[PDB]
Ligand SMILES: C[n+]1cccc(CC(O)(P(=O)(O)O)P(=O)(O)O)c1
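Take a look at this single chain in structure tokens; it is the form solved without the named molecule.
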């Protein structure tokens, strides 16, 4: 609800985001061609998602800030910083698709896969990253929270990258002894939860003057837990989701991923059952993948998940009770609804 209410004004803002990033000056003729490429990059990779992360910036700013202080310009800064989050995401995905050898993304040929692009997408990804800071300069350099947001984004980049390293180390080689629960939790926190859940809320907080380290730590405690659950639910749905509801068809098992499902399987399986999996984890051949699906069902994992989901909701609600103050608990509850839904 509160997110379909913001979405038109947020997607309309993108046009302006591109105008000012691609604003080719009459004293810098000869980069035009390069700026033309930049626009193409932005248009292909920053659009076509659901925009949940960037929208969360905008929704949180509306719950955090006295409506008396939500002038046009403040709102516009909120949309801009929400766009910065989407650009951070776009930088990571263009680059991860290259690394994974992915084919599609958001049902569209991955950018690096287009003819004429290739490994040049490395630089394109780096430009997406840079755009973040250009935007924060342009829209926010005079604000008191400016440096807070630069450091936020930079930290968020570092965490995600470091998470990405751990993910890469963890799946070089089928060696399933690498796929510990500890290790799974740690990949999720670094690689996806900091930027997906902490970052957008933290950004809004800084924009609203809330810059305390305890405040931030309390929000972080709640949000990293949410982020763990979201990814767990994602791993689950990769296999048992309906592609109609999810809009993703899942290949986790072919891609020998450190998925929550694989992790639970290995905590639970007799030495015999280790072996069936050790066999079918990764082959393309569909009867390979189908025989892990059926093992997952035979280990009652869909129910393990359902117990984990209830457990998780109870914990989140306790975290919110304890650590939301002095933020409105709605900030968190609105997110919880978006992902326990």
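If you superpose the two forms and keep the largest set of C-alpha atoms that fall within 1.5 Å, you have the rigid core. Residue numbers count along the first chain shown, from 1.
Might you work out how many residues are unmodelled in the deposited sequence between residue 172 and residue 173, and answer none, 1 to 3, 4 to 9, or 10 or more? In the deposited sequence, 1 to 3 residues between these two have no coordinates.
Taking only the CA atoms, which stretch has the higher mean B-factor in the record, 55 to 63 or 281 to 289? 281 to 289 has the higher mean C-alpha B-factor.
Higher-scoring stretch by recorded Cα B factor average, 256 to 264 or 135 to 143: 256 to 264 has the higher mean C-alpha B-factor.
Highest Cα B-factor in the deposition, which of 196, 155, 164, 270? In this record, 270 carries the highest C-alpha B-factor of the candidates.
Report the option among 242, 129, 151, 97 whose CA atom has the maximum B-factor in the deposited record. Going by the entry's C-alpha B-factors, 242 comes out highest.
Lowest, middle or highest third of the chain for the C-alpha temperature factor of residue 86? Lowest third - that is where residue 86 ends up once the chain's C-alpha B-factors are sorted.
Can you work out whether the C-alpha temperature factor of residue 70 puts it in the lowest, middle or highest third of the chain? Answer is highest: the recorded C-alpha B-factor places it there.
Among modelled residues of the same chain, the CA temperature factor third for residue 123: For residue 123, the deposited C-alpha B-factor lands in the lowest third.
Sorting the chain's modelled residues by C-alpha B-factor, tell me whether residue 47 ends up in the lowest, middle or highest third. Residue 47: CA B-factor falls in the middle third of its chain.
Against its chain's modelled residues, does residue 236's Cα B factor rank lowest, middle or highest third? CA B-factor rank for residue 236: middle third.
This next part talks about the form solved in complex with the named molecule, which is not shown.
Exactly one stretch in 146 to 154, 159 to 167, 261 to 269, 71 to 79 has heavy atoms within 4.5 Å of the named molecule in the bound PDB entry; which is it? The contacting stretch here is 159 to 167.
Name the residue from 195, 111, 139, 179 that puts a heavy atom within 4.5 Å of the named molecule in the bound PDB entry. None of the other options qualify; the answer is 195.
Does any part of residue 93 reach within 4.5 Å of the named molecule in the bound PDB entry? Heavy atoms only, please. Contact check for residue 93: yes, within 4.5 Å of the named molecule in the bound PDB entry.
Taking the named molecule as it sits in the bound PDB entry, is residue 248 near enough to touch it, meaning that at least one heavy atom pair lies within 4.5 angstroms? Close contact exists here: in the bound PDB entry, residue 248 approaches the named molecule to within 4.5 Å, heavy atoms only.
So in the bound PDB entry, does residue 216 come within 4.5 Å of the named molecule, heavy atom to heavy atom? Residue 216 lies outside the contact set for the named molecule.
Residue 183 within 4.5 Å of the named molecule in the bound PDB entry, heavy atoms: Contact check for residue 183: no, nothing within 4.5 Å of the named molecule in the bound PDB entry.
Non-hydrogen atom within 4.5 angstroms of the named molecule in the bound PDB entry for each of 100, 191 and 234: Each of the three qualifies.
Quick one: lay the two forms over each other on the core and tell me which of 86, 124, 97, 238 moves its CA by at least 2 angstroms between the shown form and the other one. Meeting the 2 Å or more criterion is only 238.
Core-aligned C-alpha movement of residue 302 between the shown form and the other one reaching 2 Å: The answer is yes; the displacement is at least 2 Å.
2 Å or more on the CA of residue 282 between the shown form and the other one, with the rigid core superposed, yes or no? True for residue 282: a C-alpha shift of 2 Å or more.
Once you line up the core, how about residue 214: does its CA shift reach 2 Å between the shown form and the other one? No, the C-alpha moves less than 2 Å.
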